[PDB]
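Please read the structure below before turning to the comments.
Ligands are counted one by one from 1 in listed order, and the atoms in each one are counted from 1 as well. Every chain is numbered from 1 and lettered A, B, ... according to where its sequence line falls, protein lines coming before strand lines.
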Amino acid sequence: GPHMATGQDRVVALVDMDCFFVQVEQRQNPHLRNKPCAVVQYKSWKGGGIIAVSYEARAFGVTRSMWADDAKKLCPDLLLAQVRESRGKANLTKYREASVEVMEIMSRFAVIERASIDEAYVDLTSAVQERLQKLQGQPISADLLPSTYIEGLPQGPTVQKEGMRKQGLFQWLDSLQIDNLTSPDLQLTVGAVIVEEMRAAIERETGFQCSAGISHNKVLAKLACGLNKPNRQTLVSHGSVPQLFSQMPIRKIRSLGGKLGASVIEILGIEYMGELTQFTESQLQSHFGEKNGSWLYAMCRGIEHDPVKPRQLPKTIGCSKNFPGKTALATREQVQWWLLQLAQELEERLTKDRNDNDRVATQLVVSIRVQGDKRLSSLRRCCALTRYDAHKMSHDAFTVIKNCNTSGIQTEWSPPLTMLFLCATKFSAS
DNA sequence: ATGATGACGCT
DNA sequence: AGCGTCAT
Ligand SMILES: Nc1ccn([C@H]2C[C@H](O)[C@@H](COP(=O)(O)NP(=O)(O)OP(=O)(O)O)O2)c(=O)n1
Ligand SMILES: [Mg+2]
Ligand SMILES: [Mg+2]
């Protein structure tokens, strides 16, 4: 009882932009606003590959990874914006710059952890402490939570969505203990007030809408965020966890969407996260390892300790291109020309990064894929990154990979290359 | 023939 | 170091 920790020590939010690359293109081009529309890369192969989809287009069944020619069969009026192409490859600069707009606004509120191009975790524990003291001891109005859902409410003894949202919010607020500055539910509620402010600032200052989750840890905040996307935020309290997890497929929890989650399901013969509570910690560690077993034992009870790391900037800067099917690179000079294209984009990004962020990368990682292999990378080699010079980086990358060539000729490359990747890593202050 | 990314764990 | 998992 008195000594069982409940994982309620922190307030953590996750903010995730709604259909992010689409909103970037819709801000730029008002003709795309409030329309079914998608962002595509490489127009020549089947209209291009879809990498982002507006909610109007999702209603027709358009998804990521669809070819645009195929998406047009579901949604004949679908509008498209194409990713910029530079040096024969997709160039994601516009979306990285738009990401920086959002991450700089979030950082005014709390130190962030950049988790992807369009999301960040926030540890609001300290901001909440300070807002609680400024708040005297006065009630939190529903008006301060105009886009907040309380997961699991309403419950107990309306037929539209907004009606239900408010009924649940009313039940929550009506039962809150405001005189107790250490109540975790009160802390989450104040965290949600702050996230409303944060989301209003992002939309005001950028034009972009987003969703968010507010809970006691990263996994629950991430799960919470997706429950009422788009343009809404969701509070998942500790008390909401048993019911929420009772029908929650294991693969929906972050880090369990792959082979480990499949093995949890297969080895234990279960489907839902809540069902994990019936195993001892030792039993879970016996199947999945010490670290995973302890993580699962705590996570299925809503408890997780992974900190919000103070990191706003990516740790690596990389440039990648595939060469699928018949386009696989088969000669030495093809290989050199494309390494050079990659290296030129990398230099551009590295130089900008050194001026903006006062650091330099010191290691260059070169990765390739061979036709016939199975995996994301076939082979990775590093060397020193001592100069931001594209001809030197590309010459160096060739040097460290040039013996992967099984060909007995000089001018040919075998087995042909289906992917090249350059990645700058190991940053030092500058 | 989705692709272009990016963090982090195991060894 | 170099490989693999998981993720957007
Ligand atoms: N596999 C993926 C997933 C996302 N992305 C890019 C495009 C997306 O707009 C952006 C953010 O990914 P996301 O958060 O998973 N989805 P998106 O923001 O488009 O829509 P929501 O479902 O979050 O509203 O990363 C990508 O290029 N490849
Ligand atoms: Mg998003
Ligand atoms: Mg995201």
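Protein heavy atom nearest atom 3 (C) of ligand 1, with residue, atom name and distance: A:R64 NE, 3.4 Å. The single protein non-hydrogen atom nearest to atom 12 (O) of ligand 1 is A:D118 OD1, 4.0 Å, given as residue, atom name and distance. Protein heavy atom at the shortest distance from atom 24 (O) of ligand 1 is A:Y55 OH, 2.6 Å. Looking only at protein heavy atoms, the nearest one to atom 26 (C) of ligand 1 is A:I51 O, 4.3 Å.
Residue A:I117 has no nitrogen or oxygen atom sitting less than 3.5 Å from a nitrogen or oxygen atom of ligand 1, judged on distance alone. Between A:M17 and ligand 1, at least one N/O pair is under 3.5 Å apart. For the pair A:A52 and ligand 1, the shortest N or O to N or O distance does not fall below 3.5 Å. The distance criterion of under 3.5 Å between nitrogen or oxygen atoms is met by A:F21 with respect to ligand 1. Considering backbone and side-chain N/O of A:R58, one or more are found under 3.5 Å from N/O of ligand 1.
Looking only at atom types and distance, the side chain of A:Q371 has no donor-acceptor partner in the side chain of A:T418 under 3.5 Å away. Using modelled atom types and a 3.5 Å distance limit, the side chains of A:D185 and A:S237 yield no donor-acceptor pair.
A donor-acceptor pair under 3.5 Å is formed between the side chain of A:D373 and the backbone N or O of A:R375. Put simply, the side chain of A:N91 never gets that close to the backbone of A:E85: no donor and acceptor are under 3.5 Å apart.
Of the heavy atoms in A:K229, only side-chain atoms (C-beta onward) come closer than 4.0 Å to ligand 1. Of all the heavy atoms of A:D16, the ones lying under 4.0 Å from any atom of ligand 1 belong exclusively to the side chain.
With salt bridges taken as basic N to acidic carboxylate O contacts below 4.0 Å, one links A:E197 and A:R131. A salt bridge is absent between A:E97 and A:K94: the closest approach of a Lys/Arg side-chain nitrogen to an acidic carboxylate oxygen does not fall below 4.0 angstrom. We find that A:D356 and A:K352 are joined by a salt bridge, their nearest charged nitrogen and carboxylate oxygen being less than 4.0 Å apart. Comment: A:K72 does not engage A:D69 in a salt bridge, judged by the lack of any side-chain N to carboxylate O separation of less than 4.0 angstrom. Ionic pairing of A:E345 and A:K321 is not present here: no N-O contact between side-chain nitrogen and carboxylate oxygen is shorter than 4.0 angstrom.
A perpendicular orientation is assigned to the rings of A:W45 and A:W67, their planes being inclined by more than 60° (bins at 30° and 60°).
When all heavy atoms of A:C423 and A:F421 are compared, the pair lying nearest together is CB-CZ, 3.2 Å.
Look at A:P230 and you'll find every heavy atom at least 4.0 Å from all atoms of ligand 1.
Aromatic ring centres of A:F208 and A:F20 lie closer together than 6.0 Å.
Around the Mg ion (ligand 3), the protein contributes the following N, O or S atoms under 2.8 Å, ordered by chain and number: A:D16 OD2, A:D118 OD1, A:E119 OE1.
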